[PDB]
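# Understanding the architecture of this molecule
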Amino acid sequence: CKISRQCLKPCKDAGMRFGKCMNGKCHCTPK
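As recorded in the PDB header, solution NMR is the method behind this entry.

Listed below in structure tokens is the structure:
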């Protein structure tokens, strides 16, 4: 992931409420 969106679906669509990525790491906070 480069940008917030690049983990948004990969995490949030996958069961997280949030999955923001920056640089190359994303904070995916589950549901």
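Don't stop here, the text continues.
This part covers the overall build of the protein. Counting its secondary structure elements, the protein contains 1 helix and 2 strands. Moving toward the C terminus, one meets the helices and strands of the protein in the order α-β-β. Each of the three principal axes of the protein carries a C-alpha extent, and together these read 25 × 10 × 10 Å. Among the 31 residues that make up the protein, the fraction classed as buried is 13%. A separation of at least 24 residues holds for 5% of the contacts in the protein among residues at least 6 apart in sequence.

Next up on the list: the environment of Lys 31. Tracing the backbone through its elements, the reader meets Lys 31 in the segment after β2 (25-30). If we ignore the near neighbours within four places in the chain, the residues touching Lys 31 are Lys 12, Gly 15, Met 16 and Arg 17. Polar contacts involving the side chain of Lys 31 include one to the main-chain carbonyl oxygen of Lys 12, which spans 3.2 Å.

Calculation rules
Residues numbered from 1 in each chain as written, not as in the entry; some residues may be left out. Heavy atoms only, no water. Helix = DSSP H or I, 4+ residues; strand = E, 2+ residues; numbered from the N terminus. Buried < 20%, exposed > 50% of the residue type's maximum accessible area, 1.4 Å probe, protein only. Contact = heavy atoms within 4.5 Å. Polar contact = N/O pair within 3.5 Å; in protein donor to acceptor, adjacent residues only side chain to side chain.

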